[PDB]
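Engineer: protein00.pdb is reproduced below (PDB, C-alpha atoms).
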```pdb
ATOM      1  CA  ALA H   1      36.008  -7.283 -12.449  1.00  0.00           C
ATOM      2  CA  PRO H   2      35.066  -6.289 -16.026  1.00  0.00           C
ATOM      3  CA  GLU H   3      33.523  -3.067 -14.711  1.00  0.00           C
ATOM      4  CA  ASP H   4      36.868  -2.055 -13.193  1.00  0.00           C
ATOM      5  CA  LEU H   5      38.723  -2.356 -16.506  1.00  0.00           C
ATOM      6  CA  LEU H   6      36.147  -0.199 -18.295  1.00  0.00           C
ATOM      7  CA  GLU H   7      37.443   2.906 -16.494  1.00  0.00           C
ATOM      8  CA  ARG H   8      41.185   2.227 -16.736  1.00  0.00           C
ATOM      9  CA  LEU H   9      41.202   1.411 -20.455  1.00  0.00           C
ATOM     10  CA  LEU H  10      39.431   4.663 -21.310  1.00  0.00           C
ATOM     11  CA  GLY H  11      41.966   6.469 -19.142  1.00  0.00           C
ATOM     12  CA  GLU H  12      44.851   5.067 -21.172  1.00  0.00           C
ATOM     13  CA  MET H  13      43.126   6.303 -24.330  1.00  0.00           C
ATOM     14  CA  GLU H  14      43.221   9.844 -22.948  1.00  0.00           C
ATOM     15  CA  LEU H  15      47.028   9.765 -22.783  1.00  0.00           C
ATOM     16  CA  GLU H  16      47.263   9.224 -26.548  1.00  0.00           C
ATOM     17  CA  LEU H  17      44.641  11.754 -27.636  1.00  0.00           C
ATOM     18  CA  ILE H  18      47.107  14.313 -26.240  1.00  0.00           C
ATOM     19  CA  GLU H  19      50.233  12.424 -27.287  1.00  0.00           C
ATOM     20  CA  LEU H  20      49.000  12.341 -30.877  1.00  0.00           C
ATOM     21  CA  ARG H  21      48.067  15.983 -30.315  1.00  0.00           C
ATOM     22  CA  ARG H  22      51.699  16.782 -29.521  1.00  0.00           C
ATOM     23  CA  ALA H  23      52.905  14.879 -32.586  1.00  0.00           C
ATOM     24  CA  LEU H  24      50.796  17.035 -34.904  1.00  0.00           C
ATOM     25  CA  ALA H  25      52.403  20.114 -33.350  1.00  0.00           C
ATOM     26  CA  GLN H  26      55.864  18.922 -34.385  1.00  0.00           C
ATOM     27  CA  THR H  27      54.705  18.120 -37.923  1.00  0.00           C
ATOM     28  CA  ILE H  28      52.984  21.471 -38.438  1.00  0.00           C
ATOM     29  CA  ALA H  29      55.967  23.221 -36.842  1.00  0.00           C
ATOM     30  CA  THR H  30      58.285  21.831 -39.520  1.00  0.00           C
ATOM     31  CA  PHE H  31      55.847  22.898 -42.235  1.00  0.00           C
ATOM     32  CA  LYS H  32      55.986  26.487 -40.992  1.00  0.00           C
ATOM     33  CA  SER H  33      59.780  26.346 -40.749  1.00  0.00           C
ATOM     34  CA  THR H  34      60.106  24.874 -44.241  1.00  0.00           C
ATOM     35  CA  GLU H  35      57.768  27.557 -45.577  1.00  0.00           C
ATOM     36  CA  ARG H  36      59.867  30.395 -44.153  1.00  0.00           C
ATOM     37  CA  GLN H  37      63.118  29.125 -45.680  1.00  0.00           C
ATOM     38  CA  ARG H  38      61.555  29.312 -49.143  1.00  0.00           C
ATOM     39  CA  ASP H  39      60.866  33.043 -48.837  1.00  0.00           C
ATOM     40  CA  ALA H  40      64.457  33.839 -47.863  1.00  0.00           C
ATOM     41  CA  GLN H  41      66.003  32.034 -50.834  1.00  0.00           C
ATOM     42  CA  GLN H  42      63.637  33.597 -53.367  1.00  0.00           C
ATOM     43  CA  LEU H  43      64.159  36.980 -51.710  1.00  0.00           C
ATOM     44  CA  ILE H  44      67.906  36.621 -52.264  1.00  0.00           C
ATOM     45  CA  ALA H  45      67.218  35.548 -55.842  1.00  0.00           C
ATOM     46  CA  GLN H  46      64.708  38.391 -56.038  1.00  0.00           C
ATOM     47  CA  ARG H  47      67.420  40.784 -54.863  1.00  0.00           C
ATOM     48  CA  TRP H  48      69.736  39.486 -57.587  1.00  0.00           C
ATOM     49  CA  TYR H  49      66.801  39.982 -59.969  1.00  0.00           C
ATOM     50  CA  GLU H  50      66.741  43.668 -59.026  1.00  0.00           C
ATOM     51  CA  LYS H  51      70.544  43.722 -59.162  1.00  0.00           C
ATOM     52  CA  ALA H  52      70.374  42.243 -62.662  1.00  0.00           C
ATOM     53  CA  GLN H  53      67.518  44.697 -63.310  1.00  0.00           C
ATOM     54  CA  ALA H  54      70.053  47.559 -63.180  1.00  0.00           C
ATOM     55  CA  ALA H  55      72.759  46.346 -65.603  1.00  0.00           C
ATOM     56  CA  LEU H  56      71.324  45.373 -68.996  1.00  0.00           C
ATOM     57  CA  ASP H  57      70.227  48.981 -69.511  1.00  0.00           C
ATOM     58  CA  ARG H  58      72.436  51.322 -71.573  1.00  0.00           C
ATOM     59  CA  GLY H  59      74.024  48.381 -73.376  1.00  0.00           C
ATOM     60  CA  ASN H  60      75.815  46.673 -70.463  1.00  0.00           C
ATOM     61  CA  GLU H  61      74.697  43.218 -71.558  1.00  0.00           C
ATOM     62  CA  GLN H  62      77.946  41.420 -70.679  1.00  0.00           C
ATOM     63  CA  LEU H  63      77.388  42.395 -67.051  1.00  0.00           C
ATOM     64  CA  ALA H  64      73.831  41.052 -67.212  1.00  0.00           C
ATOM     65  CA  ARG H  65      75.155  37.683 -68.409  1.00  0.00           C
ATOM     66  CA  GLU H  66      77.156  37.100 -65.229  1.00  0.00           C
ATOM     67  CA  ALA H  67      74.441  38.497 -62.959  1.00  0.00           C
ATOM     68  CA  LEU H  68      71.736  36.140 -64.224  1.00  0.00           C
ATOM     69  CA  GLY H  69      74.174  33.237 -64.419  1.00  0.00           C
ATOM     70  CA  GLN H  70      74.610  33.601 -60.667  1.00  0.00           C
ATOM     71  CA  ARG H  71      70.840  33.653 -60.102  1.00  0.00           C
ATOM     72  CA  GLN H  72      70.490  30.201 -61.660  1.00  0.00           C
ATOM     73  CA  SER H  73      72.108  28.449 -58.695  1.00  0.00           C
ATOM     74  CA  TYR H  74      69.596  30.049 -56.327  1.00  0.00           C
ATOM     75  CA  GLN H  75      66.706  29.321 -58.697  1.00  0.00           C
ATOM     76  CA  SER H  76      67.259  25.563 -58.450  1.00  0.00           C
ATOM     77  CA  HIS H  77      66.951  25.663 -54.658  1.00  0.00           C
ATOM     78  CA  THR H  78      63.604  27.452 -54.929  1.00  0.00           C
ATOM     79  CA  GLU H  79      62.134  24.732 -57.146  1.00  0.00           C
ATOM     80  CA  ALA H  80      63.245  21.874 -54.889  1.00  0.00           C
ATOM     81  CA  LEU H  81      61.768  23.419 -51.742  1.00  0.00           C
ATOM     82  CA  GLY H  82      58.574  24.460 -53.520  1.00  0.00           C
ATOM     83  CA  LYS H  83      57.636  20.885 -54.395  1.00  0.00           C
ATOM     84  CA  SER H  84      58.473  19.665 -50.885  1.00  0.00           C
ATOM     85  CA  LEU H  85      56.197  22.245 -49.269  1.00  0.00           C
ATOM     86  CA  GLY H  86      53.220  21.155 -51.364  1.00  0.00           C
ATOM     87  CA  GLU H  87      53.844  17.494 -50.565  1.00  0.00           C
ATOM     88  CA  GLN H  88      54.013  18.146 -46.815  1.00  0.00           C
ATOM     89  CA  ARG H  89      50.625  19.889 -46.935  1.00  0.00           C
ATOM     90  CA  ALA H  90      48.847  16.597 -47.629  1.00  0.00           C
ATOM     91  CA  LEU H  91      50.354  14.938 -44.552  1.00  0.00           C
ATOM     92  CA  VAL H  92      49.173  17.654 -42.161  1.00  0.00           C
ATOM     93  CA  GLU H  93      45.721  17.596 -43.759  1.00  0.00           C
ATOM     94  CA  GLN H  94      45.631  13.788 -43.714  1.00  0.00           C
ATOM     95  CA  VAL H  95      46.841  13.445 -40.123  1.00  0.00           C
ATOM     96  CA  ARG H  96      44.277  15.948 -38.840  1.00  0.00           C
ATOM     97  CA  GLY H  97      41.459  13.898 -40.345  1.00  0.00           C
ATOM     98  CA  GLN H  98      42.589  10.896 -38.316  1.00  0.00           C
ATOM     99  CA  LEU H  99      42.476  12.906 -35.091  1.00  0.00           C
ATOM    100  CA  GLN H 100      39.050  14.365 -35.867  1.00  0.00           C
ATOM    101  CA  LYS H 101      37.568  10.949 -36.641  1.00  0.00           C
ATOM    102  CA  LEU H 102      39.226   9.334 -33.621  1.00  0.00           C
ATOM    103  CA  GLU H 103      38.224  12.125 -31.237  1.00  0.00           C
ATOM    104  CA  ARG H 104      34.550  11.671 -32.104  1.00  0.00           C
ATOM    105  CA  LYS H 105      34.835   7.924 -31.507  1.00  0.00           C
ATOM    106  CA  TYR H 106      36.180   8.560 -28.001  1.00  0.00           C
ATOM    107  CA  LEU H 107      33.294  10.538 -26.506  1.00  0.00           C
ATOM    108  CA  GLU H 108      30.934   8.132 -28.268  1.00  0.00           C
ATOM    109  CA  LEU H 109      32.568   5.264 -26.383  1.00  0.00           C
ATOM    110  CA  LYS H 110      32.450   7.236 -23.133  1.00  0.00           C
ATOM    111  CA  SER H 111      28.681   7.734 -23.312  1.00  0.00           C
ATOM    112  CA  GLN H 112      28.009   4.024 -23.820  1.00  0.00           C
ATOM    113  CA  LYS H 113      30.164   3.096 -20.818  1.00  0.00           C
ATOM    114  CA  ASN H 114      27.796   4.669 -18.290  1.00  0.00           C
ATOM    115  CA  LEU H 115      24.710   3.160 -19.924  1.00  0.00           C
ATOM    116  CA  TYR H 116      26.018  -0.409 -19.768  1.00  0.00           C
ATOM    117  CA  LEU H 117      27.328   0.099 -16.233  1.00  0.00           C
ATOM    118  CA  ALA H 118      23.972   1.534 -15.163  1.00  0.00           C
ATOM    119  CA  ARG H 119      22.097  -1.447 -16.594  1.00  0.00           C
ATOM    120  CA  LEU H 120      24.532  -3.736 -14.771  1.00  0.00           C
ATOM    121  CA  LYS H 121      23.841  -2.260 -11.331  1.00  0.00           C
ATOM    122  CA  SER H 122      20.114  -2.350 -12.057  1.00  0.00           C
ATOM    123  CA  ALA H 123      20.672  -5.891 -13.334  1.00  0.00           C
ATOM    124  CA  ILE H 124      22.449  -6.564 -10.015  1.00  0.00           C
ATOM    125  CA  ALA H 125      20.560  -4.458  -7.461  1.00  0.00           C
ATOM    126  CA  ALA H 126      17.056  -5.376  -8.607  1.00  0.00           C
ATOM    127  CA  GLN H 127      18.672  -8.773  -9.219  1.00  0.00           C
ATOM    128  CA  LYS H 128      20.054  -9.289  -5.707  1.00  0.00           C
ATOM    129  CA  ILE H 129      16.728  -8.758  -3.890  1.00  0.00           C
ATOM    130  CA  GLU H 130      14.537 -11.486  -5.368  1.00  0.00           C
ATOM    131  CA  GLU H 131      16.761 -14.268  -4.004  1.00  0.00           C
ATOM    132  CA  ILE H 132      16.408 -13.181  -0.379  1.00  0.00           C
ATOM    133  CA  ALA H 133      12.669 -13.066  -0.999  1.00  0.00           C
ATOM    134  CA  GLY H 134      13.196 -16.695  -1.983  1.00  0.00           C
ATOM    135  CA  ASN H 135      14.178 -17.375   1.620  1.00  0.00           C
ATOM    136  CA  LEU H 136      10.845 -15.690   2.426  1.00  0.00           C
ATOM    137  CA  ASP H 137       9.197 -17.316  -0.577  1.00  0.00           C
ATOM    138  CA  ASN H 138       5.730 -17.802   0.932  1.00  0.00           C
ATOM    139  CA  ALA H 139       5.199 -20.188  -2.001  1.00  0.00           C
ATOM    140  CA  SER H 140       7.021 -23.386  -0.951  1.00  0.00           C
ATOM    141  CA  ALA H 141       8.011 -25.320   2.180  1.00  0.00           C
ATOM    142  CA  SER H 142      11.657 -24.203   2.229  1.00  0.00           C
ATOM    143  CA  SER H 143      11.143 -20.591   3.432  1.00  0.00           C
ATOM    144  CA  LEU H 144      11.261 -19.176   6.961  1.00  0.00           C
ATOM    145  CA  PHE H 145       7.704 -17.852   6.646  1.00  0.00           C
ATOM    146  CA  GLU H 146       6.176 -21.259   5.948  1.00  0.00           C
ATOM    147  CA  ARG H 147       8.450 -23.150   8.340  1.00  0.00           C
ATOM    148  CA  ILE H 148       7.397 -20.714  11.068  1.00  0.00           C
ATOM    149  CA  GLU H 149       3.809 -21.863  10.551  1.00  0.00           C
ATOM    150  CA  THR H 150       4.960 -25.451  11.070  1.00  0.00           C
ATOM    151  CA  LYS H 151       6.602 -24.429  14.345  1.00  0.00           C
ATOM    152  CA  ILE H 152       3.365 -22.713  15.370  1.00  0.00           C
ATOM    153  CA  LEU H 153       1.469 -25.840  14.338  1.00  0.00           C
ATOM    154  CA  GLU H 154       3.985 -27.967  16.233  1.00  0.00           C
ATOM    155  CA  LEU H 155       3.575 -25.836  19.357  1.00  0.00           C
ATOM    156  CA  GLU H 156      -0.187 -25.344  19.069  1.00  0.00           C
ATOM    157  CA  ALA H 157      -0.749 -29.082  18.641  1.00  0.00           C
ATOM    158  CA  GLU H 158       1.909 -29.925  21.243  1.00  0.00           C
ATOM    159  CA  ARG H 159      -0.581 -29.394  24.083  1.00  0.00           C
ATOM    160  CA  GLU H 160      -3.587 -30.683  22.223  1.00  0.00           C
ATOM    161  CA  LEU H 161      -2.038 -33.779  23.803  1.00  0.00           C
ATOM    162  CA  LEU H 162      -1.431 -32.293  27.254  1.00  0.00           C
ATOM    163  CA  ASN H 163      -4.991 -30.926  27.541  1.00  0.00           C
ATOM    164  CA  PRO H 164      -7.147 -33.142  25.304  1.00  0.00           C
ATOM    165  CA  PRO H 165     -10.280 -31.506  23.917  1.00  0.00           C
ATOM    166  CA  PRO H 166     -13.579 -32.457  25.548  1.00  0.00           C
ATOM    167  CA  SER H 167     -15.149 -35.517  23.980  1.00  0.00           C
ATOM    168  CA  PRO H 168     -18.247 -35.035  21.802  1.00  0.00           C
ATOM    169  CA  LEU H 169     -20.407 -36.830  24.380  1.00  0.00           C
ATOM    170  CA  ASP H 170     -20.185 -33.988  26.898  1.00  0.00           C
ATOM    171  CA  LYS H 171     -20.130 -31.512  24.010  1.00  0.00           C
ATOM    172  CA  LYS H 172     -23.380 -33.184  22.944  1.00  0.00           C
ATOM    173  CA  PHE H 173     -24.870 -32.684  26.433  1.00  0.00           C
ATOM    174  CA  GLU H 174     -23.786 -29.266  27.719  1.00  0.00           C
ATOM    175  CA  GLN H 175     -25.643 -27.546  24.887  1.00  0.00           C
ATOM    176  CA  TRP H 176     -28.404 -30.156  25.112  1.00  0.00           C
ATOM    177  CA  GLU H 177     -28.921 -29.420  28.810  1.00  0.00           C
ATOM    178  CA  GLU H 178     -28.195 -25.706  28.357  1.00  0.00           C
ATOM    179  CA  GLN H 179     -31.170 -25.247  26.026  1.00  0.00           C
ATOM    180  CA  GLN H 180     -33.350 -26.720  28.763  1.00  0.00           C
ATOM    181  CA  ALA H 181     -31.447 -24.693  31.358  1.00  0.00           C
ATOM    182  CA  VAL H 182     -32.390 -21.373  29.751  1.00  0.00           C
ATOM    183  CA  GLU H 183     -35.906 -22.518  28.830  1.00  0.00           C
ATOM    184  CA  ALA H 184     -36.630 -24.486  32.012  1.00  0.00           C
ATOM    185  CA  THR H 185     -35.468 -21.636  34.234  1.00  0.00           C
ATOM    186  CA  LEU H 186     -37.450 -19.428  31.857  1.00  0.00           C
ATOM    187  CA  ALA H 187     -40.360 -21.892  31.938  1.00  0.00           C
ATOM    188  CA  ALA H 188     -41.170 -20.520  35.386  1.00  0.00           C
ATOM    189  CA  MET H 189     -40.298 -16.996  34.214  1.00  0.00           C
ATOM    190  CA  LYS H 190     -42.771 -17.159  31.321  1.00  0.00           C
ATOM    191  CA  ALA H 191     -45.395 -18.617  33.693  1.00  0.00           C
ATOM    192  CA  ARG H 192     -44.861 -17.082  37.142  1.00  0.00           C
ATOM    193  CA  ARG H 193     -44.574 -13.559  35.693  1.00  0.00           C
ATOM    194  CA  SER H 194     -46.336 -14.275  32.392  1.00  0.00           C
TER     195      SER H 194
ATOM    196  CA  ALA D   1      11.944   2.277 -23.146  1.00  0.00           C
ATOM    197  CA  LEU D   2      14.699   1.313 -20.702  1.00  0.00           C
ATOM    198  CA  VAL D   3      13.896   4.114 -18.252  1.00  0.00           C
ATOM    199  CA  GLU D   4      10.189   3.297 -18.495  1.00  0.00           C
ATOM    200  CA  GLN D   5      10.863  -0.436 -18.142  1.00  0.00           C
ATOM    201  CA  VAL D   6      13.264  -0.088 -15.210  1.00  0.00           C
ATOM    202  CA  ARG D   7      10.853   2.135 -13.279  1.00  0.00           C
ATOM    203  CA  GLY D   8       8.148  -0.518 -13.517  1.00  0.00           C
ATOM    204  CA  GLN D   9      10.463  -2.998 -11.815  1.00  0.00           C
ATOM    205  CA  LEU D  10      11.064  -0.607  -8.920  1.00  0.00           C
ATOM    206  CA  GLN D  11       7.364   0.178  -8.519  1.00  0.00           C
ATOM    207  CA  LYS D  12       6.403  -3.501  -8.457  1.00  0.00           C
ATOM    208  CA  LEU D  13       9.270  -4.406  -6.125  1.00  0.00           C
ATOM    209  CA  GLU D  14       8.614  -1.506  -3.751  1.00  0.00           C
ATOM    210  CA  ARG D  15       5.029  -2.644  -3.203  1.00  0.00           C
ATOM    211  CA  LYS D  16       6.224  -6.182  -2.477  1.00  0.00           C
ATOM    212  CA  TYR D  17       8.529  -4.867   0.256  1.00  0.00           C
ATOM    213  CA  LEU D  18       5.996  -3.179   2.538  1.00  0.00           C
ATOM    214  CA  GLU D  19       3.695  -6.144   1.924  1.00  0.00           C
ATOM    215  CA  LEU D  20       6.398  -8.434   3.301  1.00  0.00           C
ATOM    216  CA  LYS D  21       7.010  -6.077   6.222  1.00  0.00           C
ATOM    217  CA  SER D  22       3.385  -6.205   7.373  1.00  0.00           C
ATOM    218  CA  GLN D  23       3.317 -10.008   7.414  1.00  0.00           C
ATOM    219  CA  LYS D  24       6.501 -10.166   9.500  1.00  0.00           C
ATOM    220  CA  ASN D  25       4.875  -8.650  12.587  1.00  0.00           C
ATOM    221  CA  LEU D  26       1.776 -10.834  12.287  1.00  0.00           C
ATOM    222  CA  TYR D  27       3.727 -14.098  12.224  1.00  0.00           C
ATOM    223  CA  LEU D  28       6.035 -12.911  15.005  1.00  0.00           C
ATOM    224  CA  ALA D  29       3.031 -11.885  17.100  1.00  0.00           C
ATOM    225  CA  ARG D  30       1.401 -15.291  16.662  1.00  0.00           C
ATOM    226  CA  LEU D  31       4.707 -16.897  17.650  1.00  0.00           C
ATOM    227  CA  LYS D  32       4.954 -15.089  20.991  1.00  0.00           C
ATOM    228  CA  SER D  33       1.296 -15.860  21.660  1.00  0.00           C
ATOM    229  CA  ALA D  34       2.064 -19.412  20.532  1.00  0.00           C
ATOM    230  CA  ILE D  35       4.959 -19.336  23.031  1.00  0.00           C
ATOM    231  CA  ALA D  36       3.678 -17.221  25.932  1.00  0.00           C
ATOM    232  CA  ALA D  37       0.244 -18.824  26.191  1.00  0.00           C
ATOM    233  CA  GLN D  38       2.185 -21.978  25.290  1.00  0.00           C
ATOM    234  CA  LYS D  39       4.751 -21.784  28.099  1.00  0.00           C
ATOM    235  CA  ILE D  40       2.206 -21.535  30.945  1.00  0.00           C
ATOM    236  CA  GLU D  41       0.218 -24.749  30.557  1.00  0.00           C
ATOM    237  CA  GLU D  42       3.271 -26.935  31.231  1.00  0.00           C
ATOM    238  CA  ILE D  43       3.967 -25.428  34.651  1.00  0.00           C
ATOM    239  CA  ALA D  44       0.293 -25.986  35.409  1.00  0.00           C
ATOM    240  CA  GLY D  45       1.151 -29.588  34.570  1.00  0.00           C
ATOM    241  CA  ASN D  46       3.412 -29.605  37.619  1.00  0.00           C
ATOM    242  CA  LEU D  47       0.291 -28.367  39.443  1.00  0.00           C
ATOM    243  CA  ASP D  48      -1.929 -30.628  37.361  1.00  0.00           C
ATOM    244  CA  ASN D  49      -4.511 -31.438  40.046  1.00  0.00           C
ATOM    245  CA  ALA D  50      -5.531 -34.259  37.683  1.00  0.00           C
ATOM    246  CA  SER D  51      -2.875 -36.957  38.238  1.00  0.00           C
ATOM    247  CA  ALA D  52      -0.522 -38.263  40.938  1.00  0.00           C
ATOM    248  CA  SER D  53       2.632 -36.594  39.592  1.00  0.00           C
ATOM    249  CA  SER D  54       1.863 -32.976  40.631  1.00  0.00           C
ATOM    250  CA  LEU D  55       2.895 -31.089  43.768  1.00  0.00           C
ATOM    251  CA  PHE D  56      -0.742 -30.393  44.655  1.00  0.00           C
TER     252      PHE D  56
END
```
How would this structure read if it were set down as structure tokens?
Structural biologist:
Amino acid sequence: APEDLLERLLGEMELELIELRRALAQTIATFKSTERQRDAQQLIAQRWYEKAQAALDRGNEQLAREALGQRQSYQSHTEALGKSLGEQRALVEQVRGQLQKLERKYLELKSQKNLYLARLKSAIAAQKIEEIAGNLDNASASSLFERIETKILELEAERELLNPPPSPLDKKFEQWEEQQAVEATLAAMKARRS
Amino acid sequence: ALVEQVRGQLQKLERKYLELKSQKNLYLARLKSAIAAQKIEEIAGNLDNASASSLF
């Protein structure tokens, strides 16, 4: 039944709105981890910067040469990680936009599901009554209501044969004599006790 | 519009129901009368008193 699928499909969506949710956690987790590593390396280079900050004074330049020459190796690492961190920022920003747009589309779909289902039951419940009224049409000769009248007519006229109605001749006389019967019996009434 | 439209269907249909219900008793009543008053005259036929095929 199409109605049955409408609830299962939306259920399978819900598994991925959380699955994708978990994926973003891993991505952002790496971004935090990558960020932290950058501080440590620059801190070590920063420490060598303070260490080199204590030699060039009072003419000890030769010592400063070696100290800063060592810092250069650490400096390269800082640059490489710095660019990577900026690049990874776009991905976390971009991926979040997908989730936000998709999440809105979900609840929007959910609302429409009930409305169409509701119209279906109304389009089935109010739909399923009128046919049985067709069996009670009262507008044709294929209904129980009308066929019942035929059965009544069949039965009522069944014994119009068994007991035939009185012929018009007697029907033309009973009233004809009755009028005299009331008046003639009254003829003495209106005269004897006038 | 849908909620207004759907309600009209129910109101019209609901009236048609009780209207059908009232007619059901009337036709059934006429049937029993068309059967009870119907089922007597035949046995009077066995007591016709008008032919030579009766018990009387």
Engineer: Quick one, how far is atom CA of residue 24 of chain H from atom CA of residue 92 of chain H?
Structural biologist: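 Separation between atom CA of residue 24 of chain H and atom CA of residue 92 of chain H: 7.5 Å.
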Engineer: Between atom CA of residue 39 of chain D and atom CA of residue 25 of chain D, what distance in Å does the model show, to one decimal?
Structural biologist: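 Here the two named atoms are 20.3 Å from each other.
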Engineer: Find the residues near segment 8-20 of chain D: any atom within 9 Å, counting all atoms listed in the file, skip ones fewer than 3 places away on the same chain, and give them as a PDB file with C-alpha atoms, in the frame of the given file.
Structural biologist:
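Result saved to out_12.pdb:
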```
ATOM      1  CA  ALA H 126      17.056  -5.376  -8.607  1.00  0.00           C
ATOM      2  CA  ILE H 129      16.728  -8.758  -3.890  1.00  0.00           C
ATOM      3  CA  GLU H 130      14.537 -11.486  -5.368  1.00  0.00           C
ATOM      4  CA  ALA H 133      12.669 -13.066  -0.999  1.00  0.00           C
ATOM      5  CA  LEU H 136      10.845 -15.690   2.426  1.00  0.00           C
TER       6      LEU H 136
ATOM      7  CA  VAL D   3      13.896   4.114 -18.252  1.00  0.00           C
ATOM      8  CA  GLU D   4      10.189   3.297 -18.495  1.00  0.00           C
ATOM      9  CA  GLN D   5      10.863  -0.436 -18.142  1.00  0.00           C
ATOM     10  CA  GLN D  23       3.317 -10.008   7.414  1.00  0.00           C
ATOM     11  CA  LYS D  24       6.501 -10.166   9.500  1.00  0.00           C
TER      12      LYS D  24
END
```
Engineer: Return the neighbours of chain H among the residues of chain D, cut-off 9 Å, counting all atoms listed in the file, as a PDB file with C-alpha atoms, in the coordinates of the input.
Structural biologist:
```pdb
ATOM      1  CA  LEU D   2      14.699   1.313 -20.702  1.00  0.00           C
ATOM      2  CA  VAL D   6      13.264  -0.088 -15.210  1.00  0.00           C
ATOM      3  CA  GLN D   9      10.463  -2.998 -11.815  1.00  0.00           C
ATOM      4  CA  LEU D  10      11.064  -0.607  -8.920  1.00  0.00           C
ATOM      5  CA  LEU D  13       9.270  -4.406  -6.125  1.00  0.00           C
ATOM      6  CA  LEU D  20       6.398  -8.434   3.301  1.00  0.00           C
ATOM      7  CA  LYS D  24       6.501 -10.166   9.500  1.00  0.00           C
ATOM      8  CA  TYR D  27       3.727 -14.098  12.224  1.00  0.00           C
ATOM      9  CA  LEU D  28       6.035 -12.911  15.005  1.00  0.00           C
ATOM     10  CA  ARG D  30       1.401 -15.291  16.662  1.00  0.00           C
ATOM     11  CA  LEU D  31       4.707 -16.897  17.650  1.00  0.00           C
ATOM     12  CA  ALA D  34       2.064 -19.412  20.532  1.00  0.00           C
ATOM     13  CA  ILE D  35       4.959 -19.336  23.031  1.00  0.00           C
ATOM     14  CA  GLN D  38       2.185 -21.978  25.290  1.00  0.00           C
ATOM     15  CA  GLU D  41       0.218 -24.749  30.557  1.00  0.00           C
ATOM     16  CA  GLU D  42       3.271 -26.935  31.231  1.00  0.00           C
ATOM     17  CA  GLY D  45       1.151 -29.588  34.570  1.00  0.00           C
TER      18      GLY D  45
END
```
Engineer: Starting from the displayed file, determine the output of the PyMOL selection byres ((chain H and resi 95-106) around 9) and express the residue list as a ChimeraX atom specification.
Structural biologist: /H:10,13-14,17,20-21,24,90-94,107-111
Engineer: Would you work out the distance separating atom CA of residue 53 of chain D from atom CA of residue 157 of chain H, expressed in Å to one decimal?
Structural biologist: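 Answer for the atom CA of residue 53 of chain D to atom CA of residue 157 of chain H separation: 22.5 Å.
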Engineer: Dump as CSV the rows for residues of segment 62-147 of chain H within 12 Å of segment 30-49 of chain H: closest atom pair and distance in Å with one decimal, all atoms listed in the file counted, ordered by chain and rising residue number.
Structural biologist:
```
residue,atom,partner,partner_atom,distance
H:64,CA,H:49,CA,10.2
H:66,CA,H:48,CA,10.9
H:67,CA,H:48,CA,7.2
H:68,CA,H:49,CA,7.6
H:69,CA,H:48,CA,10.3
H:70,CA,H:48,CA,8.2
H:71,CA,H:45,CA,5.9
H:72,CA,H:45,CA,8.6
H:73,CA,H:45,CA,9.1
H:74,CA,H:45,CA,6.0
H:75,CA,H:45,CA,6.9
H:76,CA,H:41,CA,10.1
H:77,CA,H:41,CA,7.5
H:78,CA,H:42,CA,6.3
H:79,CA,H:38,CA,9.2
H:80,CA,H:38,CA,9.5
H:81,CA,H:38,CA,6.4
H:82,CA,H:38,CA,7.2
H:83,CA,H:38,CA,10.7
H:84,CA,H:34,CA,8.6
H:85,CA,H:35,CA,6.7
H:86,CA,H:31,CA,9.7
H:87,CA,H:31,CA,10.1
H:88,CA,H:31,CA,6.8
H:89,CA,H:31,CA,7.6
H:90,CA,H:31,CA,10.9
H:91,CA,H:31,CA,9.9
H:92,CA,H:31,CA,8.5
H:93,CA,H:31,CA,11.5
```
Engineer: Might you spell out which residues the PyMOL selection byres ((chain D and resi 56) around 12) would select in the displayed file, as a compact mmCIF listing (two decimals) with C-alpha atoms, keeping the file's coordinate frame?
Structural biologist:
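That gives us part_10.txt:
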```
# COMPACT_ATOMS: atom_id res chain seq x y z
CA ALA D 44 0.29 -25.99 35.41
CA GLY D 45 1.15 -29.59 34.57
CA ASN D 46 3.41 -29.60 37.62
CA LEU D 47 0.29 -28.37 39.44
CA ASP D 48 -1.93 -30.63 37.36
CA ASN D 49 -4.51 -31.44 40.05
CA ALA D 50 -5.53 -34.26 37.68
CA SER D 51 -2.88 -36.96 38.24
CA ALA D 52 -0.52 -38.26 40.94
CA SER D 53 2.63 -36.59 39.59
CA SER D 54 1.86 -32.98 40.63
CA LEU D 55 2.90 -31.09 43.77
```
